[PDB]
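These notes concern the structure reproduced below.
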Amino acid sequence: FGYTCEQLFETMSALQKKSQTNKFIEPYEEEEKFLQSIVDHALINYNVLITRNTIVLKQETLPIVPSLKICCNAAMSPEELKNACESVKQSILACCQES
Amino acid sequence: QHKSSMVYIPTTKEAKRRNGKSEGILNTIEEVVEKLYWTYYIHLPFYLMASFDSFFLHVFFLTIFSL
Amino acid sequence: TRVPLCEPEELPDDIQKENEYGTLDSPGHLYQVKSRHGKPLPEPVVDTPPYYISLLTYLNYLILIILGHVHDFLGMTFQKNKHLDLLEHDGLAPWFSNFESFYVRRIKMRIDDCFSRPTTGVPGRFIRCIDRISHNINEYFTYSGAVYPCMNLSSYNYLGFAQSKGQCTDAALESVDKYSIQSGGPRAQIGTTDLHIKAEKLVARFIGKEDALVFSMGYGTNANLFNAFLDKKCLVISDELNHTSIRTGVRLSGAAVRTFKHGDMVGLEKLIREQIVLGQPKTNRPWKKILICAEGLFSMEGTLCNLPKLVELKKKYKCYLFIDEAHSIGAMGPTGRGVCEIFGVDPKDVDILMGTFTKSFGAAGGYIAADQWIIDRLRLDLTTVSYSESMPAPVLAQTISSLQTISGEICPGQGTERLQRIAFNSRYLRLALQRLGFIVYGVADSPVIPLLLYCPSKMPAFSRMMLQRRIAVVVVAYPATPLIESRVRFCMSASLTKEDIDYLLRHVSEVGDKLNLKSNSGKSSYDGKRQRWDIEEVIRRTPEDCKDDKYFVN
Amino acid sequence: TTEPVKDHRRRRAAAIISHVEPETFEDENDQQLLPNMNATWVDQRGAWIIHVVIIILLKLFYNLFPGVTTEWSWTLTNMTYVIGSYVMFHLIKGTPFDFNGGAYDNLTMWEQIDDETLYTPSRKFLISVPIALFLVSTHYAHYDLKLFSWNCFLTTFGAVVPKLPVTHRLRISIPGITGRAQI
Ligand SMILES: C[C@@H]1CC[C@@]2(OC1)O[C@H]1C[C@H]3[C@@H]4CC=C5C[C@@H](OCCC(CO[C@H]6O[C@H](CO)[C@@H](O[C@H]7O[C@H](CO)[C@@H](O)[C@H](O)[C@H]7O)[C@H](O)[C@H]6O)CO[C@H]6O[C@H](CO)[C@@H](O[C@H]7O[C@H](CO)[C@@H](O)[C@H](O)[C@H]7O)[C@H](O)[C@H]6O)CC[C@]5(C)[C@H]4CC[C@]3(C)[C@H]1[C@@H]2C
Ligand SMILES: CCCCCCCCCCCCCCCCCCCCCCCCCC(=O)N[C@@H](CO)[C@H](O)[C@H](O)CCCCCCCCCCCCCC
Numbered sequence: 458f459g460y461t462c463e464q465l466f467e468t469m470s471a472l473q474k475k476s477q478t479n480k481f482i483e484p485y486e487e488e489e490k491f492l493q494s495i496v497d498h499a500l501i502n503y504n505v506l507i508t509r510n511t512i513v514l515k516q517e518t519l520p521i522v523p524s525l526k527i528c529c530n531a532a533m534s535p536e537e538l539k540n541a542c543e544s545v546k547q548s549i550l551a552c553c554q555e556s
Numbered sequence: 003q004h005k006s007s008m009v010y011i012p013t014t015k016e017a018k019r020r021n022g023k024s025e026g027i028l029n030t031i032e033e034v035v036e037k038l039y040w041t042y043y044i045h046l047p048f049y050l051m052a053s054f055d056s057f058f059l060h061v062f063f064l065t066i067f068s069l
Numbered sequence: 008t009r010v011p012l013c014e015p016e017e018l019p020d021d022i023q024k025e026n027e028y029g030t031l032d033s034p035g036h037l038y039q040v041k042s043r044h045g046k047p048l049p050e051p052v053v054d055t056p057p058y059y060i061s062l063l064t065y066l067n068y069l070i071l072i073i074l075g076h077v078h079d080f081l082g083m084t085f086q087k088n089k090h091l092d093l094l095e096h097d098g099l100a101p102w103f104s105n106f107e108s109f110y111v112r113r114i115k116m117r118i119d120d121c122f123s124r125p126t127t128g129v130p131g132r133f134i135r136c137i138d139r140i141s142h143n144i145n146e147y148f149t150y151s152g153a154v155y156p157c158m159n160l161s162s163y164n165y166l167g168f169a170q171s172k173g174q175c176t177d178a179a180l181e182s183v184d185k186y187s188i189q190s191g192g193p194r195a196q197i198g199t200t201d202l203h204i205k206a207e208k209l210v211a212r213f214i215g216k217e218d219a220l221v222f223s224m225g226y227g228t229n230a231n232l233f234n235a236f237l238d239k240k241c242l243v244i245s246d247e248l249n250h251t252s253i254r255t256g257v258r259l260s261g262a263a264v265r266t267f268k269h270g271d272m273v274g275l276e277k278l279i280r281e282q283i284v285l286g287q288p289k290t291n292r293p294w295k296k297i298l299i300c301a302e303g304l305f306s307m308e309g310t311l312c313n314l315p316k317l318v319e320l321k322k323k324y325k326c327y328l329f330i331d332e333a334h335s336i337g338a339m340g341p342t343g344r345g346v347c348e349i350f351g352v353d354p355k356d357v358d359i360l361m362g363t364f365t366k367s368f369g370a371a372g373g374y375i376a377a378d379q380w381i382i383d384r385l386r387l388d389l390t391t392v393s394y395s396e397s398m399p400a401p402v403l404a405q406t407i408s409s410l411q412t413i414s415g416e417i418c419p420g421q422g423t424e425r426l427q428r429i430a431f432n433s434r435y436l437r438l439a440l441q442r443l444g445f446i447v448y449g450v451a452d453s454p455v456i457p458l459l460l461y462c463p464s465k466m467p468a469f470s471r472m473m474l475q476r477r478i479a480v481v482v483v484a485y486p487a488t489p490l491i492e493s494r495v496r497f498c499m500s501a502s503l504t505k506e507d508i509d510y511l512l513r514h515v516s517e518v519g520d521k522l523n524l525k526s527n528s529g530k531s532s533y534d535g536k537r538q539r540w541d542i543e544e545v546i547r548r549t550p551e552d553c554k555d556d557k558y559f560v561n
Numbered sequence: 039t040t041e042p043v044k045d046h047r048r049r050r051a052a053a054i055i056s057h058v059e060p061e062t063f064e065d066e067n068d069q070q071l072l073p074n075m076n077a078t079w080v081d082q083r084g085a086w087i088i089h090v091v092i093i094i095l096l097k098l099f100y101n102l103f104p105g106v107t108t109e110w111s112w113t114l115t116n117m118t119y120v121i122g123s124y125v126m127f128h129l130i131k132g133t134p135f136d137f138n139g140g141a142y143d144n145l146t147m148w149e150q151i152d153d154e155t156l157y158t159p160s161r162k163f164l165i166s167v168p169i170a171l172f173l174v175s176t177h178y179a180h181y182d183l184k185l186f187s188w189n190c191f192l193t194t195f196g197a198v199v200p201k202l203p204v205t206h207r208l209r210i211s212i213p214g215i216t217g218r219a220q221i
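Residue numbers (the deposited numbering), protein chains in the order written: chain B, 458 to 556; chain D, 3 to 69; chain C, 8 to 561; chain A, 39 to 221.
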């Protein structure tokens, strides 16, 4: 995508200080769309559901970049967790390929 | 109607008239004293105060009257 | 030294049902309100007491303020070891300094027994209170584990939906059986179910807007709503008697704030004109936008806002309108739609409508209604939706049941009886109190009837004497109110009946005669003559005459 | 040194004579959001005759003791009224009730009256009452200039001088006699 975290932080801080009504950044949208693409690809092929970190960028004040998360609870079984880990690893590897 | 679990408290007038306490000869003075005490006590701050300060203010008013 | 846990009482069904909701006596005790059709709202009129009452109030407060400082100074100067909370131990400041806690310690402390009272069971028309004994001066309490019933005129259940046996309770239990009590998380990743969307559409249709949103808490709703679309370059014009949540939300938003006097529209128009002309501070550039915040019904005063004038002004000067109505969304109106129904104003004129379910529907939460193209943006721009927990299932079931009951779908003729009962009760109580000789505020239909007590030392006496008669009331005072005017706020409910009101009228008449609380002038009666009616005549003649809409000054 | 992101630091005076700095945008919003309750009660109903009633009672109580002299009694009631007014109006700075942040931490009640608007009727009444009291006291009975000069000096410097617009928003800090005042 050709952008860094510091540039995004400076752009957001400048936009907040200038009090501009319209706050739209393209590379952030592309990154969010890509991560949602991994999520959807993992959902359609295999019956495993994960989610990404949902944030509002225009309200934050400290630096932050989009990410992904996986949760677990105390009612699961080890074999299913291992199978899900393998499935999500395969999904990530397949989506990140074709460079 | 239907009964409930409420205990109704009778009013002062009903209790007095059913108790036979009302006596014309020796109750008018009591009522006058009650009125004089309550009127004096309510309209002036004694009821949010402390015992020492309330007694001090009572003595102050009593001395003011006596002088 | 600890609050005991009270064992539930075992009683037959009929007795408990009567305790929760009271059966009607006669069908002549109902009243159906009528629309206004847009006729102008007259300026309110307020009555005043004589001078000597105010003079005595001033002397009382002056003496209290002097003595408080005398004690504070002497105690802080000499007896240091006793007061270790207000002194620094080892290079650490105290949690709070003495000055900001002066009012709480010096005058409020002597009255702490009339403010917080533990209760148990469902709050209906009879509430069970725990018995407690005071030690020292309201420093700590000792409990003997004894309970006794009282009549409640202090709880927010206007339509009487707080019950333990009914269709709403059945729906809540069924929802608990079907959906568990646990939620998933924020309503952007997991935690949204079909019940949420059903409640959304039901509320949107009930209000009359096009789309809506539902939140788990009302205070958070107001505190987080404003920062999504307001900025430093905008202006907010609001009344002087708004709720704390609006103030917190506006503070977090960061915009400029101008305030106008209560009930004045000439001043409002002048302020709008001046603010439009002047512009931004120190630069005199035009504002980006202007927003008007108001309240549907004010609980401390029991008065309505003149909506048509606000709509006219916002149409003429191109401004936006925000209306807060939590006390008037279910208890007021010919059919209970809100403030937009009595005045005949089309709902599309107002921009944002907000309300809470706590007061009338018996469940906790809040909502917001607006147009589709606004809700679509707000569902993305809000911080409550993607960062905070979601609403549970039983509360949603209770709210849906209450709304379908009021709308007239699930049960044919239950809501209308409740509306008529609450209207009649409010009118009868207000008229009887005014004919006795007291002073009340209101607009002849609000469920809030504030009776004014002026001397500082009369509120605790009134509270304790009403408690001895087995009646529960709530009294407010400084600074929540103007210094001179203290009051007791009555909250009328549909569950109470007429005989309860007669009992209350007799007891309050006796207590007021004892405490010298009835001081009325000719500005409160329509004939211009001060009226002191005897009690039995009031009871005989008021319920018939309370229906005619000419006996009320405002 | 390291610079804070958001700075709200109290600064004290650094000279014998000084004036308090004008407020900022955020402070102005904080003061305008919520009405002030320390200055509202002055303009309300029955708030003017109260001073007259207090004066009448103070005269009677000080005259009640047989041993007092009329000149001495009037001087003592002047002592009481002037000291009470000075303590309430000009001595104490702050608000007993808590407002947003510090808020009115620097100004006195006389400065807070009527949103700092000058030449208001309440101010006229409050400045005229001590003058009328002084003239009534002077004309009422015989006097000698010995205590008269000091009495008029106290009346001027404890009641009149603080009310002038020149002393508005003004702070005086002696290096050792008086503590430094926040600006
Ligand atoms: C018949 C007979 C005749 C004679 C008689 O009896 C009857 O007639 C009786 C009639 C009496 C007078 C009646 C009425 C008053 C007014 C009262 O008014 C105080 C109100 C002020 C505070 O005073 C309280 O609190 C003080 C706290 O220091 C106590 O001081 C120390 O007390 C102890 C040592 O003394 C030790 O504990 C410590 O050394 C320390 O606590 C003091 O005692 C106590 O009164 C409020 O103002 C301040 O508020 C903040 C304080 O919190 C200050 O700080 C702030 O500064 C920045 C703002 O600029 C902020 O930003 C910062 O955050 C923040 O730090 C702020 O500057 C300043 O404005 C002061 C007393 C007086 C004259 C009485 C005297 C005694 C009599 C003559 C009796 C007499 C016996
Ligand atoms: C041998 C004899 C020698 C004689 C020597 C004479 C010595 C004189 C001693 C003087 C003692 C009295 C001096 C101070 C007493 C009063 C000072 C109180 C100040 C305490 C803090 C004030 C804070 C204000 C915030 C506040 O709560 N404000 C208001 C509400 O929001 C406030 O609560 C209410 O409005 C009530 C105040 C109105 C009552 C009318 C007062 C006007 C006349 C003052 C004369 C004082 C005369 C004292 C007998």
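Ideal Cβ positions, reconstructed from N, Cα and C, are used throughout, including at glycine.
Taking a beta-carbon distance threshold of 7 Å, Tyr49(D) counts as an interface residue toward chain C. Proximity of chain C to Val522(B) at the Cβ level (cut-off 9 Å) is not reached, the minimal Cβ distance being about 17 Å. Excluding sequence positions up to five before and after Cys498(C), its CB lies within less than 7 Å of the CB of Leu160, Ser161, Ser162, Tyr163, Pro454, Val455, all in the same chain and listed in chain order. A direct Cα-to-Cα measurement between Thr342(C) and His334(C) gives close to 15 Å. At a cut-off of 4 residues, the continuous stretches assigned as alpha helix (DSSP H) that sit fully inside the segment 292-349 of chain C are 314-324, 346-349.
Three or more Cβ pairs drawn from the segment 66-82 of chain C and the segment 104-114 of chain C lie within less than 8 Å of each other, which places the two stretches in contact. Taking a cut-off of 8 Å on C-beta distances, the segment 382-393 of chain C touches the segment 207-227 of chain C, as three or more cross pairs fall below it. Burial of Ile253(C) is indicated by the presence of at least 16 other C-beta atoms within 10 angstroms of its C-beta. Excluding sequence positions up to five before and after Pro399(C), its CB lies within less than 7 Å of the CB of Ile188, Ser190, all in the same chain and listed in chain order. Taking C-beta atoms under 8 Å as the contact rule, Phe445(C) and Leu458(C) qualify, at a distance of about 6 Å. Straight across, the Cα-Cα distance linking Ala195(C) with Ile549(B) is about 23 Å. Contact note: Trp79(A) reaches chain C through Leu490, using a C-beta cutoff of 7 Å and chain order. Within chain D, the residues whose beta carbon sits less than 8 Å from that of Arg513(C) are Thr13, listed in sequence order.
Non-local C-beta neighbours of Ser414(C) in its own chain, meaning closer than 7 Å and more than five positions away in sequence, comprise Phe213, ordered along the chain. Around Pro486(C), no beta-carbon contact reaches into chain B at under 9 Å, the shortest distance being about 34 Å. In this structure, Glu319(C) keeps its C-beta atom at 7 Å or more from the C-beta atom of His4(D). Of the candidates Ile512(B), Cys529(B), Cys528(B), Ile512(B) places its Cα closest to the Cα of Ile521(B). Comparing C-alpha distances from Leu490(C) to each of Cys13(C), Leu48(C), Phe267(C), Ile60(C) shows the shortest one belongs to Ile60(C). Within the segment 27-60 of chain D, no run of beta strand (DSSP E) at least 3 residues long lies entirely inside it. Where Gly227(C) is concerned, the enclosing alpha helix (DSSP H) starts and stops at 225-232.
Residue pairing by DSSP leaves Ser531(C) without any beta bridge partner. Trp79(A) counts as exposed, since fewer than 16 other beta carbons sit within 10 angstroms of its beta carbon. Counting only the Cα atoms, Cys552(B) lies some 6 Å from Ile495(B). At a cut-off of 7 Å between C-beta atoms, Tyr110(C) counts as an interface residue with respect to chain A. Leaving aside the five residues that flank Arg218(A) on each side, the residues in its chain whose CB is nearer than 6 Å to its CB run, in chain order, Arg50, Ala51, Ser211. The beta-bridge partner set that DSSP reports for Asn159(C) consists of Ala479(C). Taking 7 Å as the threshold, the shortest C-beta distance from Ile169(A) to chain C does not fall below it. Between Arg477(C) and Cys241(C), the gap from beta carbon to beta carbon reaches 7 Å or more. In this structure, ligand 2 has a non-hydrogen atom nearer than 6 Å to the beta-carbon of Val125(A). Within 6 Å of the C-beta of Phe106(C) there is at least one heavy atom belonging to ligand 1. Relative to ligand 2, even the nearest heavy atom lies 6 Å or more away from the CB of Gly22(D). Annotated as proximal: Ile542(C) and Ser516(C), with beta-carbon spacing under 7 Å.
Proximity of the beta carbon of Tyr147(C) to ligand 2 is not indicated: no heavy atom of the ligand is located closer than 6 Å.
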